[PDB]
Amino acid sequence: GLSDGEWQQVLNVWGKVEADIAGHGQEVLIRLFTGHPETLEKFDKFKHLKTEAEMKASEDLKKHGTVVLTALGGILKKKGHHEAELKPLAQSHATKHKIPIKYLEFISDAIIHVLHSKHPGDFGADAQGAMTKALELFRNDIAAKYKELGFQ
Ligand code: HEM
């Protein structure tokens, strides 16, 4: 549950991502895959990438980065009212992709890392606080649907 001030910060930060959605999406996925290689195993179409150079060179990875962040952005722009948007994602990731909630924690922190890396000194403490809360909310609502599905 975020305040309007905090949502304002979130969508302010998001404007950064939107100026270059493919570049951000790419770096988030790379940070995830290199920070936590077990996550790469959940992607049949990226599991071939063994080096970060190959990851960097992958137009299809950038493409998927775009899909992921486009979806996240759509969800964030709802300012918490994202049940319709989130439900199919929770369902596909629990039932088809089989993604444990731990990996959503991983990518949340990865987003935080990328924003500092791409915008050093331009991602203030208040901004980080708001973004972190927003990703926690997202994660928590997925976690609820996972529990419903009995998915571990
Ligand atoms: C911010 C968090 C995430 C968002 C917004 C997101 C969104 C999406 C979307 C929109 C799709 C395509 C439609 C669908 O299959 O439902 C997708 C596919 C997929 N996601 Fe996620 N995702 C997130 C996190 C993750 C994480 C952390 C993993 C694994 C570590 C993951 C694994 C996958 C896989 C394996 C696919 C199918 C890829 C393919 O073969 O096309 N996702 N995701």
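Observations, loosely collected:
- Any hit, the range 2-25, residues being near the ligand (Cβ under 9 Å from one of its atoms), surrounded by fewer than 19 Cβ atoms within 10 Å (Cβ to Cβ) and assigned to a helix (DSSP H, G or I): no
- Yes/no for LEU104 being among the hydrophobic types (A, V, I, L, M, F, W, C), in contact (Cβ under 8 Å) with a residue 12 or more places away in the chain and touching a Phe, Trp or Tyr at 6+ places or on another chain (Cβ under 6 Å): no
- Subset of the range 26-47 [surrounded by 12 or more Cβ atoms within 10 Å (Cβ to Cβ) and more than 10 Å from the ligand (Cβ to nearest atom)]: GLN26, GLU27, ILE30, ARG31, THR34, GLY35
- Among the helices (runs of 4 or more DSSP H) confined to the range 48-91, the ones with at least 2 residues that are near the ligand (Cβ under 10 Å from one of its atoms) are located at 59-76, 83-91.
- Total residues in the range 97-107, condition within 7 Å of the ligand (Cβ to nearest atom), in a helix (DSSP H, G or I) and not β-branched (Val, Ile, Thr): 3
- Residue in the range 79-98 that is out of contact with any strand residue (DSSP E or B) (no Cβ under 8 Å at 6 or more places or on another chain), exposed (fewer than 14 other Cβ atoms within 10 Å of the Cβ), farther than 16 Å from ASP141 by Cβ and without any contact (Cβ under 8 Å) to a residue 24 or more places away in the chain present: yes
Ideal geometry is used to build each Cβ from the backbone, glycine not excepted, and the neighbour counts take in all protein chains shown. Every number here is computed from the coordinates shown, using simple stated rules; none is lab data.
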